[PDB]
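# A structural walkthrough
As a plain string of letters, each chain reads:
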Amino acid sequence: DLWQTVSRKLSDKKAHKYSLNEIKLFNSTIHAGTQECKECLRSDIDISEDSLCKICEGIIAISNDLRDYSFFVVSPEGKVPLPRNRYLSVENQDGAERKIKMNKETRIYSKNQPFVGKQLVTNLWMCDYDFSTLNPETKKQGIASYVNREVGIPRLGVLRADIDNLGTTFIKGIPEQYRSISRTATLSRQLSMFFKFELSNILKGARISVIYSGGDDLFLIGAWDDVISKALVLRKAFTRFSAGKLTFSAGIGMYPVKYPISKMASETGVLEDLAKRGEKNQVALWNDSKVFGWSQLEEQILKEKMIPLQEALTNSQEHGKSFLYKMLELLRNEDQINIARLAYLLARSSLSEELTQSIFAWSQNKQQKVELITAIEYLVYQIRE
Amino acid sequence: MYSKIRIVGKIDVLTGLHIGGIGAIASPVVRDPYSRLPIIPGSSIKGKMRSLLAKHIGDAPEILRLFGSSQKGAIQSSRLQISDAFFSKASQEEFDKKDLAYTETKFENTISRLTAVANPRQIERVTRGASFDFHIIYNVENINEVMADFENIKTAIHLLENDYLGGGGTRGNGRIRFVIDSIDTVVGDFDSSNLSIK
Amino acid sequence: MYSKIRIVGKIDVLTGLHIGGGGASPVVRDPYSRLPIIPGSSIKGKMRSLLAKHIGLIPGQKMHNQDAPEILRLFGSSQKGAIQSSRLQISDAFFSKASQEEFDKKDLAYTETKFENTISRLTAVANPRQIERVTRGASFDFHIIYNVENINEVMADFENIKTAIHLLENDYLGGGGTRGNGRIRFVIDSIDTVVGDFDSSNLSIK
Amino acid sequence: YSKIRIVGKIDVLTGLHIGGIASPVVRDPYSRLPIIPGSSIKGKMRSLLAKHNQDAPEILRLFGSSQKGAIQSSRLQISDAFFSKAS
Amino acid sequence: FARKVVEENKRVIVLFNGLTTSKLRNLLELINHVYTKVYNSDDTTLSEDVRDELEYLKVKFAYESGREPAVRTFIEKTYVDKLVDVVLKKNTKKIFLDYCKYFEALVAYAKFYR
Amino acid sequence: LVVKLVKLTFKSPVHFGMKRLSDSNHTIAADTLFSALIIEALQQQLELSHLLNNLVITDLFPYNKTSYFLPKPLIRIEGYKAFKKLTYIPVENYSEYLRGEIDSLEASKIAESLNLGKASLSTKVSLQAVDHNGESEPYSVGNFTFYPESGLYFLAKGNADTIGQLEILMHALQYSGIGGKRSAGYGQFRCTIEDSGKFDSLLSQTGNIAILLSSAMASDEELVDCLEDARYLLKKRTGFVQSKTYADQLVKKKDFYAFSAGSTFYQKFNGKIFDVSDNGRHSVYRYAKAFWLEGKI
RNA sequence: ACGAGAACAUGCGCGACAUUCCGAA
Ligand SMILES: [Mn+2]
Ligand SMILES: [Mn+2]
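### Observations regarding the side chain of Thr 145 of chain F
- Its place among the elements puts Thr 145 of chain F in strand β7 (residues 139–145).
- Residue class for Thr 145 of chain F comes out buried when judged on its relative accessible area of 5%.

Structure, rendered in structure tokens:
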């Protein structure tokens, strides 16, 4: 009840966010901007050349430094503004040490660092995984380098995970006899340390950039297949970490490069909302029609259906991409005739006989044909010259 | 006072129309998100008519006042509001009989100059029998420029009938033919009995 | 003033015409009427390929955009910056109604399954094969549009179209071709500048 | 690039059969007359020339090659020999 | 029903006592030639020319039955001979197209089970 | 005053942008519709006095078959994420929601029972540079396609002549289209103006709390007495001026912060047609009058 | 005076290269 009342007071504070003077000064604007930043689209703040607001110009300057360095020093002089008339900059160990020596009341944060000698650094657990920074050639184009593929569709994938009923887990999950400030604080720390620190190890070797992990949610942009594969790896590891008792749902999107960033996050947020409907332990893959379970996508869609198709078509001289498209057309309609045409297509498809019977069986039963369609679509994207 | 003229009719497909963008399709056409029916975007009709009218005239004031402008000093509201041409109900019923799909996959290739090998391609096209209900609104900002503008609309539509809509219509696709069901002034006192297209 | 020279006529298939397509090897058919069709890409590709060879091929041509300037002007170019519109637009040639009624008499099927085979040099055994062909009595309503971007270059271009049509008349349009298929003969019903004031009366491609 | 067109008449001396009665001879559907497919001619001359896909380089350029990495267009385009109107 | 008859007469692969697509190519070439005739005409009822030609299809069905025993067993078990009767009885395009879909589904499942 | 319900059924997808062309919103605030009416009135050579002085419209709200959706009241709920994600509550369930009687399951069901359309993102090209030795610019336009029985509605308060003028303006606005790409095929609609029966019952009730229905904003005098114990949501109403007369080049309006629809106030305030122009050739009007729907909490 | 207003998902591209309905009577 104490935590519910604190959040209840917080929600009341959020409703009446502003006061009389703050609201009036919001509507007391003297000069229209007549010029806006490309990213922040803010006209009230002073915009310099390159058509960038002062905040976002600092944000871009923080980039190309976040990848290289691991010390975030809050100091009187820096790139992006911070409260108490301070600014935030990302510097190396020598640069941060300079800054703290120059002027006192300067804080320095170290990212994912093991404990070191006596210093005024504060350890911040932050997920900074970025596959592009590993290769200097791909470091120039951070996330757009995952679009570059020898084979496969160039589209990026956006993963938005979110733990189901985490608030209900803290309030109702812990029984009365085991609820305390210390027991709850441990649960907050284990969940925090999984997202902030363990996510980097889970997505190791994958073309994935971690925009955020932070406590309960997740945002990753990378190769479309790497995002899907590491979504299943992360789901399995999350089940091990939580030992059951906690499921998370995720939306996965397929968006090209130059797709709007706001639309990439919004449409995947919509997908996660779809996966949040029902028993909440679901993944919404690509379209809103493919809201599968985590076991269903990992096992039924991919291993049970997509892998047999990929192996069979690789064995032939050409990797399909013409039987697969014709299969999709015959699977999109509900006609009795299209089933017969699918039977003829499989017979002439020149693959193994027991696989054609399996594909025909899959198309027969609803909730099993949609798995077959997603298996075909995943395979089609896997092979796009 | 201000008048608006509603030109409504049919865009009969004369050859498979592909305006690029349900599942995975090789070069799919643009479709209505809800009904999943192939559509002809109004921006595609507007752009192709503007492109053909720009070539015919020669940006020119005639094109700018007809398709809109945003240049400094001369901001002209677009008189032509060409709505999305949606797949007609008549062609849906007509295609339901014959169980004919609304769109067809056209298979081609590209025989290389260096190696003489054929690299196949697929572009989805709207089938020939398709018909799209087009709905154009012409805003009569000038009662003196309406006759000259409707002459330009007829010229741009005549060029569009001899050309292709979106897609690789130089290789056959996109050919269309307009039919005008009616030209009625929905708003204002302006009369369009004399006005006509084609 | 934009002008466009429309060339409309017939493509008489002197031999069986087999342009492959989707579903032993079915010819490409117009889905609306299920009649065999000649895609405009087949015509444009064959005319461009024959004309580019006739003009001359730049050695080591890795792309179609490295054709002769006469070819790029007529059939379109895609080089970055130097994008060239295509003066000639070739449409799909549908199975003409005149030939369709002619095939309705004698109850022809619009197509024939030609039975070929391959005799292996080693085993000396025949491997049969069936390929569909549009019957030699057929004819397709072909429709072409020529954009006029330079009046001065129209005569040169219509000479190039004359060469391209002449080359295509001797060669095939699709299929085996060197094995007999694909022979066609162009019939020019009329030439008329439907839009534009250009004088196409003194114009001919065959 | 030049094209040289060989038009002629092939007069058949014996009973000619190309069967595509155990095997009716192939016929052009439009006229229902017998026809010598151009592939029958081209295959026969190519086989006899080879005797007299892996063939001699002279034959490969004459009748076409489809070898991987080196494709040669057929310098010979034998067309269907239709029934003579005069005959 | 098309999947049932192919299942029942599928033997170990010997289908319809030895029926292949080469045995049926004479019949189906006529059937899809008739299909294009009905497809083109926009009539709710079968044309008189189509009806007489469909009668010739019935004759060719018996001719192929006498020639190839495998095709004969294929026709009787299917009742495709009887289906060509009812389409002429109803004399409608819609019934005929359902018959062509039935024959197409027949050879489709026949190839699927081979 | 008389309250007429205007139902907008949309023929084509509509592009309602928040800050970007890629955005695809399903609704427009009252400031967006009112600016559409002022643009329509000036085109049709009508007088602006009725719109500016007597018309009180509300936000365009979702509506589907056998249901009319009202904005979620920003009341304290005495499973809380169900109401957090909830946006629109049907009118038949609106009286219940204020009193309570709505579980987290019921609110989640209500949100999923909104069959208002489906958003998408069409990608287009700009071949203007292609002719001038350049490259095509692929730009995205986010559009919303309403379901066959769905659309947007809004109620209008005014005199007989104010409503009669709005009947003329809505008829002319059917063909101008509301939205952001209306000259490129996005925004066509047909609207029917009918006297509201159920809504007159909802507006007739008088509870202790007042609920906004339009994006409103109190003047300085009214903000003194209305903000006490208020639960609201300040929305940054921004954009560019859409006019050939305002300036030679398109310029942004002054930022205006207005309360979102559904904000609950214990003191009613009459808004104002605020001016968000900056030394332009004409005054740009941003509608912020308040359409109040009282309720019992 | 509708985060508006202008903007063609567009340009290049052969379903093509080799293939005896043939051996036996
Ligand atoms: Mn959570
Ligand atoms: Mn969360």
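### A word on a negative patch on the surface
- Taken together, the side chains of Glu 101, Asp 104 and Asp 107 of chain C together with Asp 43, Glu 48, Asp 49, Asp 52, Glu 55 and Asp 85 of chain E define an acidic patch exposed on the protein surface.
- Every element with two or more residues in the negative patch is listed here: α3 (97–104) of chain C together with α3 (48–67) of chain E.
- With four residues, the top contributor of residues to the negative patch is α3 of chain E.
- Among the secondary structure elements, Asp 104 of chain C is positioned in helix α3.

### Details of the sheet that holds strand β4 (residues 80–82) of chain A
All names here are of chain A.
- Read across the open sheet, the five strands follow the order β4-β5-β3-β6-β7; overall the sheet is mixed. Each edge of the open sheet is held by one strand with a lone partner, namely β4 and β7 (121–124). Neighbouring strand axes in the sheet, compared pairwise and without regard to direction, differ in orientation by 30 degrees on average.
- Its contacts with the sheet place helix α3 (residues 54–62) against β4 and β5 (86–91), and it is angled at close to 110 degrees to β4.
- Sitting on the sheet, helix α4 (residues 93–102) is in contact with β3 (71–75), β5 and β6 (107–111), with an inclination near 150 degrees to β5.

### A short note on the interface of chain C and chain B
- The interface of chain C with chain B comprises 35 residues on the first partner and 30 residues on the second.
- Buried surface at the junction of chain C and chain B, both sides included, amounts to about 2,700 Å², of which 57% is carbon and sulfur.
- Across the chain C-chain B interface, the total number found is four salt bridges.
- One salt bridge in this structure joins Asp 67 of chain C and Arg 113 of chain B, with 3.1 Å as the shortest N-O distance.

### Section: the coordination of the manganese ion (ligand 1)
- For the manganese ion (ligand 1), the protein coordination sphere consists of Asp 162 of chain A (OD), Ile 163 of chain A (O), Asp 216 of chain A (OD) and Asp 216 of chain A (OD), at 2.3 to 2.5 Å.
- Within one chain, the residues donating to the manganese ion (ligand 1) are spaced in sequence as D-I-x52-D.

### As for the coordination of the manganese ion (ligand 2)
Residues and elements named next belong to chain A.
- Protein coordination of the manganese ion (ligand 2) is provided by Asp 162 (OD) and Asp 216 (OD), with donor distances spanning 2.1 to 2.3 Å.
- Separating the manganese ion (ligand 2) from the manganese ion (ligand 1) is a gap of 4.0 Å, bridged by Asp 162, which donates to each. Note that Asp 162 is positioned in strand β8 (residues 156–163) and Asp 216 in the loop between β9 (208–212) and β10 (219–223), a separation of 54 residues in sequence.
- Accessibility expressed as a relative area gives 22% for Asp 216, which makes it partly exposed.

### A short note on α3 of chain C
Residues and elements named next belong to chain C.
- Buried within α3 we find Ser 99, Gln 100 and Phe 103. Within α3, the buried residues cover an arc of 105 degrees as seen down the axis, which keeps them to one side. Pointing more than 90 degrees away from the buried face of α3 are the exposed residues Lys 97 and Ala 98.
- Downstream of α3 by one or two residues, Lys 106 has phi in the positive range, about 70 degrees.

### Focus: unusual backbone geometry
- Unusually for a residue other than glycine, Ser 350 of chain A sits at a positive phi of about 60 degrees.
- Its place among the elements puts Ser 350 of chain A in the loop between α12 (336–348) and α13 (353–364).
- For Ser 350 of chain A, a relative accessible area of 65% gives the class exposed.
- If you check the backbone angles, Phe 16 of chain E has positive phi at about 55 degrees while not being a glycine.
- Structurally, the position occupied by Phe 16 of chain E is in the loop between β2 (14–15) and α2 (21–40).

### Topic: the interface of chain D and chain C
- In this complex, chain D contributes 22 residues to the contact, which on the side of chain C involves 28 residues.
- Taken together, both faces of the contact between chain D and chain C bury some 2,100 Å²; the carbon and sulfur share is 54%.
- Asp 171 of chain C is the partner of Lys 3 of chain D in a salt bridge, and the nearest nitrogen-oxygen pair spans 2.7 Å.
- Our enumeration of links across chain D and chain C arrives at 12 residue pairs in polar contact.
- Looking at which element gives the most residues to the side of chain D that touches chain C, the answer is helix α1 (residues 38–51) of chain D, with five residues.

### Overview of the packing of aromatic side chains
- Within the structure shown, the criterion is met by 61 aromatic pairs over all chains.
- Both rings, one in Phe 26 of chain A and one in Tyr 257 of chain F, keep their centres 4.7 Å apart while their planes meet at 25 degrees; by these two values the pair is stacked. Here the residue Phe 26 of chain A occupies a position in helix α2 (residues 20–26), and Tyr 257 of chain F occupies one in strand β12 (residues 256–259), the pair thus bridging two chains.
- Using a relative accessible area of 26% as the deciding quantity, one classes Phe 26 of chain A as partly exposed.

### Considerations on the protein's contact with RNA strand G
- Close to RNA strand G lie 128 residues, the nearest being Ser 41, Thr 118 and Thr 178 of chain C together with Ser 39 and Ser 74 of chain D.
- Restricting the count to atoms of RNA strand G within 4 Å of the protein gives a sugar and phosphate share of 59%.
- In the model, a phosphate oxygen of RNA strand G is placed 3.1 Å from a nitrogen or oxygen of the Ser 44 of chain B main chain.
- Residues of the surface near RNA strand G, tallied by class, amount to 37 nonpolar, 64 polar and 27 charged.

Cut-off values and rules
Residues numbered from 1 in each chain as written, not as in the entry; some residues may be left out. Chains lettered and ligands numbered in written order. Part of a larger assembly, values for the part shown. Heavy atoms only, no water. Helix = DSSP H or I, 4+ residues; strand = E, 2+ residues; numbered from the N terminus. Buried < 20%, exposed > 50% of the residue type's maximum accessible area, 1.4 Å probe, protein only. Patch = residues over 30% accessible without salt bridge, like charges linked within 9 Å, V, L, I, M, F, W, Y side chains within 5 Å. Areas by Shrake-Rupley, 256 points an atom, 1.4 Å probe, with all protein chains shown as cover. Salt bridge = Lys/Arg side-chain N within 4 Å of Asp/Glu carboxyl O. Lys, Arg positive; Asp, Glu negative; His and termini not counted. Charge placed at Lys NZ, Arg CZ, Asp CG, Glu CD. Pairing = 2+ DSSP bridges. Axes fitted to C-alpha atoms, helices over the stretch in contact; angles between N-to-C directions. Contact = heavy atoms within 4.5 Å. Buried area = accessible area lost by both parts, 1.4 Å probe. Donors = N, O, S within 2.8 Å, 3.2 Å for Na, K, Ca; no water. Arc of directions from axis to C-beta. Polar contact = N/O pair within 3.5 Å; in protein donor to acceptor, adjacent residues only side chain to side chain. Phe/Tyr/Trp six-rings, centres within 6.5 Å; stacked < 30°, edge-to-face > 60°. Near = heavy atom within 4 Å. Nonpolar A, V, L, I, M, F, W, Y, C, P; charged D, E, K, R; others polar.

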